[PDB]
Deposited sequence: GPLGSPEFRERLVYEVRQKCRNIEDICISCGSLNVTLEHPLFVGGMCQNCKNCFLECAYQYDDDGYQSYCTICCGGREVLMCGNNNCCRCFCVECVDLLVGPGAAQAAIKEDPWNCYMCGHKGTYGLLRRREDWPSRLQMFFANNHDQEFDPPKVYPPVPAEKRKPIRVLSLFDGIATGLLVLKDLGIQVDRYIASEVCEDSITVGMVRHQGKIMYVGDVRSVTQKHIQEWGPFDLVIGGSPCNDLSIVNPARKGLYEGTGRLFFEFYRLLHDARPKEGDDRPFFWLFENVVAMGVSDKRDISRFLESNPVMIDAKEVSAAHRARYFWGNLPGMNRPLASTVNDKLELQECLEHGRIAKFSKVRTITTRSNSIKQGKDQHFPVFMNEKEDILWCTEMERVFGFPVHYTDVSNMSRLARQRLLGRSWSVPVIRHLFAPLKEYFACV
């Protein structure tokens, strides 16, 4: 609580608010705060990168919208809006006792929402979407005002066990549609059961035409990760990007094109393609060439209990931002194990062959443990009568749930909430 005298002097017309870091009250002002009037120090910018788009299980932000910290926050009443403001921020920039006034005000609107921008010395910036845009670092979409937001429409190619849908749910993003291409019966099954019939399954991605894309109604989000076997370089039998299942990449490339808005249509649109980092060099280049972008590399280890390094091409907001670990996450294989079993390593390795000690004997990971490694809710793939082999394979191919949670989170600022 170190800025009270500085802000006092700010309203005393002796210090410029733009000359102070309104987050921590540092004098080391370098940037301007993208959302409000004032300066920002670099450390708070780092924090802002890790924290801004972190949301709790209630679907509200984990921390204050201003300081990206704060001990007690006020959640926002307006529909589809998820912001919070710590009591402490408010009891400075707005006025003293303004916080309890919002606490007691049953229908309350946050300052990102309220019609006018003055709320004390605190004022909302008019160009803030673009500043936000730059902060996280070309056609770029501004964030949709809270009342206009609608349910997201999703095309998901090579959907696997429907990780996409799961994460969007966990984030509490309202989902209008979720069309998914898949051909593996076990995975389709998992999806069907787990999301209660909601997924429109089409078959082979190669049966999806532009006409289909058009009549399956506008999409807000296209996602997918093609098979990696013929791409992965450690495979002696590789057929490469242009053969085997490698060429399925190009189907993504096709359908993305088909699903994309025409120039002049500025509706928000997002896409995410994933694959293994262990590919050829010309392969990775040709993918980058075709999606006209370069991948970000993300390793699950940062946030899960597996060494899983993956490339992600796409235009999701802030996907370059640093990966943070929410407390829910389970780092260390031990956190993922069943009682009486003990972890050799701290991270499992999938892109000792028996990672577990159980009563002097050397055991493999149990499907439920593997689920836990991968960030999935436990028993998520307990659905049909498919072999243990099959359930392993399914979990083997999938996205790390907390990595995807990280990628999808800022979509909340563009779509509707439950």
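Residues of the deposited sequence lacking C-alpha coordinates, numbered from 1, fall in the stretches 1-6, 144-152, 367-378.
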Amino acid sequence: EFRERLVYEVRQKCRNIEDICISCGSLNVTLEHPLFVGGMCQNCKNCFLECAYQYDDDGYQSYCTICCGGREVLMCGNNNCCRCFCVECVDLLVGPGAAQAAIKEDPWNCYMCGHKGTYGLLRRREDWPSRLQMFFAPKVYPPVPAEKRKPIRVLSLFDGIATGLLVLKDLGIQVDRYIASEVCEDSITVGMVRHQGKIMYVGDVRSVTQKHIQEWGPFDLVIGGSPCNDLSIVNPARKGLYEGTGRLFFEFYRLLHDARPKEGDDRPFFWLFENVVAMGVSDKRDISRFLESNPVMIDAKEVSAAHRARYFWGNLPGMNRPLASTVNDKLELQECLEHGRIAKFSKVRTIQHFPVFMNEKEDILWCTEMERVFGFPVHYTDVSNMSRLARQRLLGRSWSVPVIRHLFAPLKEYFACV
From here on, numbers count along this sequence of modelled residues.
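Averaged over CA atoms, B-factors in the entry run higher in 93-101 than in the other of 244-252 and 93-101. Of the two stretches examined, 360-368 and 381-389, the record assigns the greater average C-alpha temperature factor to 360-368. Per the PDB entry, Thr118 shows the highest C-alpha temperature factor of the residues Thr118, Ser304, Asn320, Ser181. Ranking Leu395, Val401, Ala409, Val10 by the C-alpha B-factor listed in the PDB entry places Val10 at the top. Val373: CA B factor in the lowest third of modelled residues in this chain (values from the PDB entry).
In the deposited entry, the Cα temperature factor of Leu221 places it in the lowest third of its chain's modelled residues. Residue-level temperature factors show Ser288 in the lowest third of its chain, judged at the C-alpha atom.
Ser325: CA B factor lies in the middle third for its chain, per the PDB record. Sort the modelled residues of the chain by CA B factor and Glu88 lands in the highest third.
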